[PDB]
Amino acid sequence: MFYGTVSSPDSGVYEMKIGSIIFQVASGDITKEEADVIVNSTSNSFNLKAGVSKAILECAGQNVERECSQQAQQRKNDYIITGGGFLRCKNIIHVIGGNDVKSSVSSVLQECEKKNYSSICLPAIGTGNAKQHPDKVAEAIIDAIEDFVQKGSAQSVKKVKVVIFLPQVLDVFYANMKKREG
């Protein structure tokens, strides 16, 4: 009902259409990416510096660290939105790695539509210190996008890219895309 064909538009990049959205996966350093939103997979205190979260907070800078700790004390948050600091983005959305991944990605998509944003870049949420299994994480990320498209919610969002630290985890995402393709 929604899925296009898997292909490689550039060396090390794999893509398929999901309704009006281009979904892409690649391995590399997410802190070098440019997008309207970059997602950080962190702890329930929004102050983890282990796995990909270490690089994201180091590169974003101390003003972003302070935004995180101020919001964390204000109320009980499932996720928080901060400035981009010294990353190449308009906002960082910090999600909890241990939470349900489909729910976290659904929230990111909704928040990006609220800001009229077009591009998102995320890591393999939950596969760091939270130790969720990579095939369950790939299934959840792609399911969230399918549901968002099915409900007619994609208007401003046009591109969702997963940049993945470990090549072995990229292989799991690519196999999940091939399972779904038209």
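One rule holds for the numbers: they count along the sequence shown, beginning at 1.
According to the PDB record, 60-68 carries the higher mean C-alpha B-factor of the two stretches 60-68 and 46-54. When 103-111 is weighed against 69-77, 69-77 comes out higher, by mean CA B-factor as recorded in the entry.
In the deposited coordinates, the residue among 155, 119, 40, 127 with the greatest CA B-factor is 155. The entry lists a Cα temperature factor for residue 138 that places it in the lowest third of the chain's modelled residues. Annotation for residue 163: C-alpha temperature factor in the lowest third relative to the rest of the modelled chain, per the entry.
In the PDB entry, a CA B factor belonging to the middle third of its chain's modelled residues is recorded for residue 30.
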